[PDB]
Each structure stands twice: as structure tokens, then as C-alpha cells.
Amino acid sequence: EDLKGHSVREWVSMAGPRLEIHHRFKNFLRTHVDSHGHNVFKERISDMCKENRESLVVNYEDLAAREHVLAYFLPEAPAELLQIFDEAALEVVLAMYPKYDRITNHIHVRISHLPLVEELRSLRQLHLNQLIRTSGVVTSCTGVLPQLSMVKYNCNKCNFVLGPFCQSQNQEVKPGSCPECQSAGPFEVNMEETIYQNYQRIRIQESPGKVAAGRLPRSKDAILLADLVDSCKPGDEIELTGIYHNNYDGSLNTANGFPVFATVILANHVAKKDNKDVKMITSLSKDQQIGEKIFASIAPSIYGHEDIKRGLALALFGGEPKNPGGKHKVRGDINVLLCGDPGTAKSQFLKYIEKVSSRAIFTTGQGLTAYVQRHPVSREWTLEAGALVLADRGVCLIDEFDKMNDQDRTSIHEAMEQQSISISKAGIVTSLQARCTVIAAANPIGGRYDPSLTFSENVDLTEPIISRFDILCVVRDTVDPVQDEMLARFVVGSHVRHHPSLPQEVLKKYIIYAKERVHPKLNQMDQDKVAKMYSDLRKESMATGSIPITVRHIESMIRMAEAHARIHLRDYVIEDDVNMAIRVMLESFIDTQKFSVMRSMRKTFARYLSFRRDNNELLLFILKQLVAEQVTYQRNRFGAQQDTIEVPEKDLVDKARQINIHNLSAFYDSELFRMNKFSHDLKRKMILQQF
Amino acid sequence: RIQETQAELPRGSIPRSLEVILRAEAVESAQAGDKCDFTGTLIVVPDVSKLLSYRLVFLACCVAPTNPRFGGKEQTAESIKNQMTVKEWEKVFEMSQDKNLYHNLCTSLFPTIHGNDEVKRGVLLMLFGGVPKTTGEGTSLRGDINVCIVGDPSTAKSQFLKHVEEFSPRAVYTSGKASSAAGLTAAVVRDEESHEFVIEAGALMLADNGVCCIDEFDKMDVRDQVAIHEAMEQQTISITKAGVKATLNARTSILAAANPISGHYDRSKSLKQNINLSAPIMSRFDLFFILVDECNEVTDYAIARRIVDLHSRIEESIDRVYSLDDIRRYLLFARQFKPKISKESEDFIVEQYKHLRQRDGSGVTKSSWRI
Amino acid sequence: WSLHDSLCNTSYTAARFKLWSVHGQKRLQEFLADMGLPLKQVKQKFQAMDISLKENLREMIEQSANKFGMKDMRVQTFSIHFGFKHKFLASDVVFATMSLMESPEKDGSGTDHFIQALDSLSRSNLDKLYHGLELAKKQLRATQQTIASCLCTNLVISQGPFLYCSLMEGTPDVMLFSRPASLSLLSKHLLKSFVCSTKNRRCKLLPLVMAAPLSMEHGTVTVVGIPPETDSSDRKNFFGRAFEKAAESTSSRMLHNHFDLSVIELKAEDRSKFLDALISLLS
Amino acid sequence: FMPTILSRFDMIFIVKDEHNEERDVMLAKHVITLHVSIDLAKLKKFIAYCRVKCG
DNA sequence: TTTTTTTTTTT
Ligand SMILES: Nc1ncnc2c1ncn2[C@@H]1O[C@H](COP(=O)(O)OP(=O)(O)OP(O)(O)=S)[C@@H](O)[C@H]1O
Ligand SMILES: Nc1ncnc2c1ncn2[C@@H]1O[C@H](COP(=O)(O)OP(=O)(O)O)[C@@H](O)[C@H]1O
Ligand SMILES: [Mg+2]
Ligand SMILES: [Zn+2]
């Protein structure tokens, strides 16, 4: 019988049960097929040996299936079963690979998903020395320090090395008196025969919103040994699995006044819970019309703003960070700066880009650089990373840009055109790297953006800073009846399906793929296609109170050139996406202009550039204004928010004569204006507007 | 560590405190901000560093709330509808079936306030609370509504707040001039015993899922109105300090009272010029009750009559139905539904949002804090 | 080199192991693991590898290559020692000389590299040999990055009686093979990788013909021809006649400039005019 | 700008902006001079010796 | 060598 009347701890420590368990584990290691007739621990051990990993995973459920008695002995006395399993897996591997002795000569078996997921606040004294599975964020980690594992001293009066004592993680090992000269004294270690092992200590704490319902969040310690160290960084969400081991502390006893012991989790398996094939992508990119299909995949909820959707999509994948051969270090990062009156889903545009992107971080402007910090655990005055070095390759989401401080302002600009920070702090003089794309949103002064002044006035920002941004989108608002329903219905419906009674799969894997397998090239056929525009537009802008497109705009345009090499896999500059690059680089410049200049420059260029746009949107641009202005008339004399606005026809083609389309019936058939709640009548000429 | 309850404080004294030691399965019954009722033995404890000096310590064995709203034993409609004693449940039903209920809670909650019929209603709808939702992405919609009052001197502002804070259980009361940033939201304190920086809970936290009554909201400093907005927006409280990194929940509803700039409320300007709150904060309230002391004379008889009545018949002339203990029960019951929206009501709502924007329309009139 | 960078580049284990497809790159890992060679010693230079591993390396490699289908792994060569640290195998001198004479970057007339390679055969010039071993490395690491192109892109056309390929200038490290002498080896290794790669039974026994651009100004390419590959190929090529008769039939412009006949320079426009007549001629 | 902080200098150049279309041809030139991407390296080492040898 | 609160000199 493998169960007799003793303590489970002391049953397994007896020679008989020890040997029985030892032989029992081998038979499971060698013979265990999984639903296909595959010795899983034959291929898995192999894949472990093809990397020199000395760590074997044992899923607990199968151990319970193929073995009824061990999977019940295990979480009772795991300080010895996990030792016997080591010597079993060793003798298995040294049979499947008889030379592996030259690789670390020691195997640890981890254990995966015990069936007893638990909380971090419900650990009571019942669980002392019992295998446990938990969860929660990690909030610290010391450095990987070396700890004694098999110490060996040497006597100071005889030149003889004492016995190889083992080190237990509760009390400093104590050597006796020299069995060769009885010279009991202060021995010192012998650095040459002693064996060491890695070591790291972390402080895990409850997840933010998971269980911390109406109280404060508790925390615990954990000790990662040799193979585990650096499995997790501050901010990760992990799920430990480890003996819950206690040890006596003399300080707590002097604070609480009672005999109180400290506890710590000797981690045994750490499995992160976070976010981590082309043959479709070939034709999906070869659709030739992936632009529209991807634009309406970001900003999943927020309606409208297919304008700024374009710019932010351009920013997300990025561009090409070419190295100029003249030692000029042009940058390959697109930085955006939103702005607009409060209540227009700017912050949501930030938060969704937090999710969709990768390796992203976030901050408010109300910590930007590395700073000296007294470590929670180690109690040393180290240096900690800021908020511009954690996006050293990804994105940095700044919020409340206006609320930055003078030191913060003088520190943000340095990283734009240099992308490299120096820290001559109290810690030590260093020079680190920072290659991030900045995505921020400012606010309008006076609680509303008013486009009589230039944008450089309502933004409340230092002038050489706005130059460090590529795109300048301006969010604005207006009381517009037909969009009131459009936005209301959306919000109301989003409140109907959220309460307890291109999808997000293509584009994440796509920003992973298309980030890598493209390297856009640069020919010289576009080199003269642009200057013909600059020579004109420079005069056109300088003529009035404005500064024309300058070199820091040509750089942004040429950066956004490749911004579509990532979507199309095109990677070849063509006179097609140059129509797009110039279009965007003027889109982000006509808006940041004066009252009558934002329209004079439009009347020139928006008709000059031959916007590669819909022929239909230019139809709407007319009658939308012609009905809005008529409502404005019929309010300033009557005041009644009338139900059905009425506008006869003749007015529309009068203004359509300027763009020379005169097409109404092919637009009347088009359902691209029914949504805007309009009408027309052949015999009445009325463009009847309902709402 | 427990602190002397409020109703025992001798006048003109700072409240004492003592250490209680829960030592069993009773180990996490008491949380911060609660009003439990401990029952154990008083013991003496030495100073173990020199093992003298002794200090008193309470050694509790049982702990239970001081006044159970439902005397059965102490979370959905049925778990509570079980503890309802026969009279309790035959009364809650009677009220829920009552018609004109929405006028017998006002008349029975604020029995000594003549007028302002449009403020009591808002206060009630604040007490009942909305439906808190969590979007699938991971964000969360605010479920409870916030309310601010702004008015002339001596118009019964602090009286609404005192009424609400003495009626409601787990609702805290603070002034604005005598507070702090790290006292409202959350602090960080060095416990030299553990020689570590730990988190202290603030007024916005030990009133969680209740109501925080801020009087004189516009006397707070410029930097103390920032920490409160960072909490009123995301419903959470971040901490990033010496060795502490955390994010705490705060699902309180705020009832704030303020004063116009220069004493009186000037009715020829927008709101942003009559009050000195920040710009962001004025957006996070979404219910304002501007009170004005219209120099009338038919009221100045009514208010006079009511005050002199209250002062002549001190405990009488208050004839409210639905005694105050009963309303707590009805309010603990009816705060466990999650009403839904029918399609007709959704259409009505979008039409009303249509009919609200255009009132602010140009030409005919003008209003304050644009819709 | 290191023991790892020389398995990934010998065009005899870079073919069997199929070290261009992630699916079979783990074969190398398994081969290393079957010997007890740490993955950290195998990546380091061979002269610095620990002394306890290299005892019987040349036997534990021949053995563990039977278990993978590579039984011709030991060859018969010679080796020379001069002094304290000078130890050459007779196939290192060859790969160094062969790459001093065919260095890509040209610094004068055609007989400027010849002299520098004739120099590095006497023992008084061990500073050129020891230098011509860094070109021979740079070449071998820029050949398995081309045979990896024409096999993860399938640029080996089966044009009938013979395979066929061609190159693109835009691909990096394709101007290195511009010389009409350093092109034969690239093709002869391409055939060895291909024959091992393809699944057909016909293509595995067809000779290859290759063309790569020579001169952009004259607009001409260079063309070679290599016998049908096999283990015991007699090595008796036959293209010096085919190309001659094909240029004779089409009556195009060709140059049989070298001493071997199977290398020709051809106008970029007479490519197809030549190739079709050749297809018909070989038949 | 006071007549005194202005007088703290000695040389005033009111720089002028030309928008001429031949000037714009110069600008179109300068466009690709950046689009693509007596020497200073000896000018500096010349000054370093000129400043220190003339009186 | 860290927070937080409170008083007084200084840019
Ligand atoms: N409408 C009213 N009905 C009944 N009593 C009233 C009314 N308005 C004022 N009072 C009484 O007058 C006093 C009002 O003082 P408070 O309400 O405490 O001051 P307040 O309204 O906060 O104004 P300030 O700004 O703080 S002085 C109380 O004693 C009320 O009982
Ligand atoms: N068009 C819209 N679609 C959806 N939600 C919107 C829209 N406009 C405003 N919102 C709401 O407004 C909130 C965003 O406010 P925000 O832009 O953060 O204000 P501020 O810019 O003052 O910080 C969102 O939570 C969203 O619910
Ligand atoms: Mg008051
Ligand atoms: Zn001794």
C-alpha cells in the first residue's frame, strides 16, 4: 500500500515509499500518449535539449489522469516530491541524451496550472508549506544577485577546506570546529569550490480591478531561483506557483509585540498572462483597395473623423527611418498633436491606440526621465526608468500636454530632434537612447477653439515645439442637426448592450507582420514632381500673413511617403502616393491658418491639387451649407427650431457651376446622402430636410 | 486601529484611539471606514525590546456591525429579500406600489425646508444612483451622478448637505478650507515599525459607494482641486510615490456646495464667470442648481412661518410619512435593480437630445455652460 | 571560423540540413545536441573552444552524421605546420588564394589582383594569406544568402531539357558575382542545393544554365553551363558546343573570350533570341 | 526693442526674403539637395592657427 | 537621501 498511517511529509521520506515513488514517476515519464499516440515527454524533452534549458514542464491534469496517488501526495508535502521528480527526470534525459552531463547536470520539473487558482489576500496559516497558485501584478525586482548553494569554507590555521554544507533560505549556514586542528574560529568562504546560483526577489500584489473591490490591495514576496530569474518586469501580470514558506523575523516581533513570522512564496513556475500565415495577407494586400478597408478598423466606436483616422493610421505603422549618407540623422518617427474643444473623444483616441499598438506606454501631463529612487526591496538608491525610455522603440502617449512644467518642456524638445537623453544626475553620468513616436492632445484656450486666430494661438504652446510635430489635426465642433441623431443613436445603443443583462485579429497580426517584412525603396522620379508645387505655394503663402510650407514640412511629407509602404507592402515610391503625401502635408497646414486665409488658400489649392477624393463629397459640401445657413436665417427672425427645413433646388447648381459637375440625379440615386436625411422633388424642386 | 465614534466625543476634544487585535477566522471582518462593534478583553502588553513599559491593547474575539440594516445576519435581491422580516417586506411592497412616491420621499426626507422643489428631486435621484456599466475593452462608464449647488447667502445649501450626510449610512462630510490633497484622495505614510511607506485611505475612499459631501468647494486651493478632478474623471485614484505604485477604486458620488464670486450670483454672466472652479471640473458634474434670493414677499412670509413653527414645536409639526429608518430599507432594496431601455424610450431619448441642442441655437436667446 | 558558422556555410551540410527553411533549421540544433556541444561553445571561435570538447571531435561528428544521412563526411587531405601557431589545411590555402584573385572591388587593370594572389603563396607573406582568409569568409557568407534567395522564391525555371535561372541587381551582394570566373562556383553550389531540395524526379537530373548581368553600359550578361549533377558525375560538360551552335543559328553577338568555352557574354536583347534556338537545338 | 539694446551691437542686417520665381528655382534646387539625403574640416584648423599667430 | 503639514525668507 502507498498510503499508511503516518504524516504525508514523513511517509514520503521513508526509504520504501521514496523508492516506490521514484520508480512510479519514471513509468509515467516514459509512457504517456496524448490523444494521438505521441509520447509527449519524448518530443518535449527533445525540444528542451535542443536549447540547453534544464527545466521540464509537467501539466498537472495529465499527472492526475495517468497517476491517481502522486497527484494527491503532491500539494501536501511538495518540498520532497519535487526533489524526487528531479532525480527521475534526470535519469530519463541522461538516457535519451547520454552526453547531456556536459550541460548543467541538474533538472528541475515545473508544474503547470494546479486546479486551485486563488486570491492573494485569502492566504491564511492553513497553507504553510503547500503548493499554491495565485495571480497578480509584479511591482518590483532586484538585480540578479548570486547566492551560495553548496558552500565550502577553509580553516585559517591548517589550510584545509571544511565540509560542503548546503544553504537553506532561512538561516546562515554554520560550520563547526575544524576536524583537523580543532581551530574553532571565523572561517571564510572558498570562492573556487563553492557553487552559486542565481537569485532574484520580487514583490507581487493584487491585480488593480480584479479583487480590490472596496479595500486596499495586499502584496506578497516571491523568490525566483536559478532558471527563473528575469521572467517578469515591473508592470507584468503573472501567475505564480510556489511553496508558501514562512520564516522567523525578529523585527516584526518588536513592532507587533507578538511572535509573528514573515512569509514568502518560493516560486516554482511563472507563466505570464499578457499580449505576445502570410498566404492570406498576400491577396489581402493585393486588394489594391486596402486603404478604405483599414481606415475604418481603427477608431472602432467613435463615429466620424475619417479625416484624423487617416493621419493616425499613417502614424501607427510609421514610415521609414532612413539614414542620410551626409551625417544628418533624419528621423523616422511620426509625431501627432491633436487639439479641439472639450468633449470630442480625444482621450479615447489615445486609449484605443494604447491597446492596438504594441510595447506602448502612457502618461498624463498634469517621471518623463530616469530619476533616482530608493528601491522598495533592496533599500539602495538606484536609478529608475522614466516615461520616454519605456517607449524606446514603440509609442509614447502624452495626455494633458498643456499642463507640462518648464523642466518638462525643456526636456521634451531635446528628444524630438536628437532622440537621445543624457543623465548627469546624483546617480551617475550616462547617455541613453530614446526612439519613440509622440502622440499627444492639447486643449483650446478659453474653453473653445476659435478659428479667427492662427492655431499657434489657441494651442498655448511654445512655438519651436509645434515644429517638432509632423501632423497638426484640429478637432472642432458645430451644432449640426443631421449629426445629432447620428451621434446620439450611437451612444444610446452603446448603452443598450453593455450591462449584465477588419476585426481585432487581422490588424494586430498585421502591424506585427507589416512592421517587419518590408524595406521601402526610394527612386528619383518624384524628386522633381514636388518642387513645381513648392515654388508656387511658397509665394502663395508668403504673400499674406503666413509662413509657407518649409523644409520641416517636406521632411514630414517624405516620411509619410513610406507610411503606405507598410499598408500596401508596396515599398516602391510612385507618383500615386505622392499625390497622397502632398495632399496630407497640405491637409495638416491649411487648417492651422487664419480666417479668410484658411479659405483663400483653399480656393486656390483644394481646387488646384485636384484632390484625389470623391466626386460626391464635393456635392454635399454645397447643400449642407445651403441648408444650414437657411436654418440660421429662419432662426434669427422666428426663433422656432422648425421641423422640416425647406430649400428649393436652383441654388445648388448655381454653385455646382464652379466645380463643373452639375450631376444631381446620379447623386440622387446614390445612397451616400440619404443617411444625411435629405430629399428632392422633381416637380417641387424642394431639398426637404427632415432632421 | 479604531477611533472613538462620533456620537461619544465629549465637546471640545480630539478623539482617542486604540489597537485591537483580531486573532482568528475573524481576521478580515473589519475594514477601514466601517463602524464595527468589537467584543473581547482588554490586555496589557510589554515592550519586547527589553525582554518595563506597558501599554493597553484590546484583544477582540468577535466583531459585528453596530446597527444591522437587516437584523437577520451579516448580495442580490433574493439574499436581501430573505432577511426581510414580515412587516419589513409588507411595507417595502406597499411603498413600491405607492403612487406619487416621488413626492413623498422629498416631503419626508427634507421636512423642514420650504421650497426649492427642484433641488430635493435632484438630491433624491443622486441617492438612488444609476446603472454602472463596464465596456468590453476594459474601460468603465460612471454609474453615479454628481451634484453641485451654487447660490446666494443663507439659502439652505449646507442644510441639504447636513440632511444627506446624517440620513445616509457610509457618507462622509468635509469642508473645503480645512482639507488637503493627500487627505481627500489617498496618502503615503512611513511606518517606521515596518520602516516602509504604506497607503492611507482618504475621504474619497472611506466613503466608497456612498456620498462625499464637500461644503465650500471653491475655497480649496488650486492644487487641491486638481487631485479631486483626477478622481472624478476616471473614478480611480493613482498613487506614484516613494516606494508605492497603485491604483485604487473610488465609486463615490459627490454632493458639493459653493458660493458665487463676490458674494451674490450675478444673472448677466455665464457660470464660468460667477464661480472660480476649474474648467475641467465644471464639466464632470452634469447637474447644477443655481439658487437666487429673489427679493420677494410672499415667500418671506412662508419661510418665516415655517421657521417659527419649527422653533415653537421643536419635535412636532414634522408629519412625514415613511419614517427615516424605513426609507433606508427601501433604498437598500431598490438599489439592486438594473433597469433596461425599450426601443421606444431610446427613440424618445434621441429626440430629446435633438430638442435640447437647438434651444442653445443661435439668434433668439443665450444660456450658460453650453450644452 | 567558429564550428557553427562553418556548418551553416559549407555547401554540403547547408544542403542536407536544408539550412534555408525554418522547418529544417532545427535539424542543426538536434545534430549539435546529439553530441554534447553546448550552444555557447559552438558559437565561439574554434581556437578558443574548451580543450575538453575537441578531443575526438572528428569522430563524434562522423558518427552522428550517419544518423542523419551524411556518410561522406571525412575526406583525405594534407596539412602543414610552420612554427608555433601556423597550421593550414590544404583547402584553406585554396579558398584564400581563390578569393584574393577574385576580389570584387577592383583597383586597376585585370592583372593587379593576380600579382597580389601570386604573392601570398610564399611563406614570407603570411600577412596576405591571413588577410585573404577574411575575403574567403565574406564570400561564403554571401553565397548562402543567394542560394537562399533562389530557393525561397523558386527562380529555377524548368525551361525544358535544362533548368534555368537569372539574377536581379536590386538584391544585395549580387555585384560580387559579376566576374566571369566567380560565377561558376555559385552555379555549381546552386545545383547541389537544388537537386537536394526539389521533390521532382526529372529536375533532379537536368543540367543548369545560368545568366547574370555583366555590363550595364554595353547591356550584356554572362552565361555558363554545368553538367547534370549526381554523386558520380563523370564531369564532362557539353555546353561549349551548344552555345556556339546557338549563336551561329540565331546569328547574334557573342564572345567566347575565356579559355574554357562554357562562359559567354551576350547582349541583353539577344537573350531570348539565343535561348529559344538553344532550347530547340539541345531538344 | 530699445534704441539701447539695439545699440549694444554694431552691425544690423535686415534680412530680406525673396519670393521670385527664379529665387523659387533656387529653392527647387535646394529641395533635392536635401531630398537626396576650402573645406570646414580644414577651415577650423586654419582659424585655430590664424587666431593664435597674428598681432 | 523618500510623505505630509506649517511657518517665514526669498527669487
Ligand atoms: N428656504 C428655506 N427654508 C427654510 N429655512 C431656510 C431656508 N433658507 C434658509 N433657511 C434657514 O436659514 C439658515 C440657512 O443657513 P445655511 O443654509 O446654513 O447657509 P448657506 O445656505 O450654506 O449659506 P452660506 O453661503 O454658507 S452663509 C438655516 O438656519 C436654515 O434653517
Ligand atoms: N463622437 C463621440 N463618440 C463617442 N463618444 C464621445 C464622442 N464625443 C464625446 N464622447 C464622449 O466624451 C468623452 C471624451 O471626453 P474627453 O475628450 O476626454 O474630454 P477632454 O478632452 O476635456 O479630456 C468620451 O468618454 C466619450 O464617451
Ligand atoms: Mg453654508
Ligand atoms: Zn583547521
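Structural remarks
- Residue match in the stretch B:196-206 (condition: over 30 Å from A:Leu252 (Cβ atoms), more than 16 Å from ligand 2 (Cβ to nearest atom) and in a loop (DSSP other than H, G, I, E, B)): yes
- Residues in the stretch A:559-602 that are at negative phi and not in a helix (DSSP H, G or I): A:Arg570, A:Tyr572, A:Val573, A:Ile574, A:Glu575, A:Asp576, A:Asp591, A:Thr592, A:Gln593, A:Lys594, A:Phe595, A:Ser596.
- Residue list for the stretch A:241-261, filter: in contact with a helix residue (DSSP H, G or I) (Cβ under 7 Å, 6 or more places away or on another chain) and either closer than 29 Å to A:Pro78 by Cα or part of a loop (DSSP other than H, G, I, E, B) (or both): A:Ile243, A:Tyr244, A:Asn253, A:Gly257, A:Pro259, A:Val260
- Check on B:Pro132, within 16 Å of ligand 2 (Cβ to nearest atom), within 19 Å of the chain's Cα centre (by Cα) and assigned to a loop (DSSP other than H, G, I, E, B): yes
- Those residues of the stretch A:462-471 which are in a loop (DSSP other than H, G, I, E, B) and in contact with a strand residue (DSSP E or B) (Cβ under 6 Å, 6 or more places away or on another chain), in sequence order: A:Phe469
- Residues (over 30 Å from C:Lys40 (Cβ atoms) and of a type outside the set (A, V, I, L, M, F, W, C)) located in the stretch A:31-58: A:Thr31, A:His32, A:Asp34, A:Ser35, A:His36, A:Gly37, A:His38
- Residue check, B:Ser278 of a type in the set (S, T, N, Q) and within 10 Å of another protein chain (Cβ to nearest Cβ): no
- Every test in (1) within 16 Å of ligand 2 (Cβ to nearest atom); (2) outside any loop (DSSP other than H, G, I, E, B); (3) among the aliphatic types (A, V, I, L, M) is passed by B:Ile145 save one, and that test is (2).
- In the set A:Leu131, A:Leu123, only one residue is in contact with a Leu (Cβ under 7 Å, 6 or more places away or on another chain), surrounded by 16 or more Cβ atoms within 10 Å (Cβ to Cβ) and either closer than 30 Å to B:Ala242 by Cα or not basic (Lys, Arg) (or both); that residue is A:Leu131.
- Residue in the stretch A:249-271 that is in contact with a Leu (Cβ under 7 Å, 6 or more places away or on another chain) and either within 14 Å of another protein chain (Cβ to nearest Cβ) or exposed (fewer than 14 other Cβ atoms within 10 Å of the Cβ) (or both) present: yes
- Contact map, the stretch A:408-434: first residue farther than 24 Å from A:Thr382 by Cβ, second residue among the acidic types (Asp, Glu), Cβ cut-off under 8 Å, separation 6 or more or different chains; pairs are A:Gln419/A:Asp333.
- Wholly enclosed strands (runs of 3 or more DSSP E) of the stretch A:335-393 bearing at least 3 residues away from chain B (no Cβ under 13 Å): A:336-338
- Complete set of residues in the stretch B:229-244 that are under 27 Å from the mean Cα position of the chain (by Cα) and either within 16 Å of DNA strand E (Cβ to nearest atom) or farther than 25 Å from A:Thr364 by Cα (or both): B:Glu230, B:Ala231, B:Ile237, B:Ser238, B:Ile239, B:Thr240
- Odd one out for A:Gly493, checked against (1) within 14 Å of chain D (Cβ to nearest Cβ); (2) farther than 20 Å from A:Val330 by Cβ; (3) in a helix (DSSP H, G or I): (1)
- Qualifying residue in the stretch B:229-250 (condition: in a loop (DSSP other than H, G, I, E, B) and more than 13 Å from every other protein chain (Cβ to nearest Cβ)): no
- For the stretch A:617-637, the count of residues that are within 14 Å of chain B (Cβ to nearest Cβ), more than 23 Å from B:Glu351 (Cβ to Cβ), among the acidic types (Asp, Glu) and in a helix (DSSP H, G or I) is at least one.
- Tally, over the stretch B:341-354, of residues that are within 19 Å of A:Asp480 (Cα to Cα) and at the interface with another protein chain (Cβ under 7 Å from one of its Cβ atoms): 4
- Residue in the stretch A:499-520 that is touching a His at 6+ places or on another chain (Cβ under 8 Å), part of a helix (DSSP H, G or I) and not small (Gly, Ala, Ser) present: no
- Candidates A:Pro500, A:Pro548: the one that is over 19 Å from A:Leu316 (Cβ atoms), under 29 Å from the mean Cα position of the chain (by Cα) and facing another protein chain (nearest Cβ under 10 Å) is A:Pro500.
- Conditions (1) surrounded by 16 or more Cβ atoms within 10 Å (Cβ to Cβ); (2) under 21 Å from the mean Cα position of the chain (by Cα); number of the one not met by B:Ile349: (2)
- Just one of the listed residues (A:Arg583, A:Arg635) is surrounded by 13 or more Cβ atoms within 10 Å (Cβ to Cβ), more than 24 Å from A:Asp470 (Cα to Cα) and out of contact with any helix residue (DSSP H, G or I) (no Cβ under 7 Å at 6 or more places or on another chain), and it is A:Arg635.
- Any hit, the stretch A:406-415, residues being over 26 Å from A:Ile554 (Cβ atoms) and within 16 Å of ligand 2 (Cβ to nearest atom): no
- Given (1) within 16 Å of ligand 1 (Cβ to nearest atom); (2) more than 23 Å from B:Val131 (Cα to Cα), number of the condition B:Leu255 does not satisfy: (2)
- Set B:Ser140, B:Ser179, B:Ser154: member being of a type in the set (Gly, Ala, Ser), surrounded by 15 or more Cβ atoms within 10 Å (Cβ to Cβ) and more than 16 Å from ligand 2 (Cβ to nearest atom): B:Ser179
- Cβ-Cβ under 6 Å pairs, at least 6 apart or on other chains, the stretch C:13-37 side within 13 Å of chain A (Cβ to nearest Cβ), far side surrounded by fewer than 16 Cβ atoms within 10 Å (Cβ to Cβ) and assigned to a helix (DSSP H, G or I): C:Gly36/A:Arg102
- Pairs where the first residue, in the stretch A:174-200, is closer than 14 Å to A:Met150 by Cβ and the second is surrounded by 11 or more Cβ atoms within 10 Å (Cβ to Cβ) and among the basic types (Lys, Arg), C-beta under 8 Å, 6+ apart: A:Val189/A:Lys152; A:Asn190/A:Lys152; A:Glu193/A:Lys152; A:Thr194/A:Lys152
Readers should treat all values here as calculations from the given coordinates under stated rules, not as data from a laboratory. Positions of Cβ are backbone-derived with ideal geometry, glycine not excepted, and every protein chain shown enters the neighbour counts.
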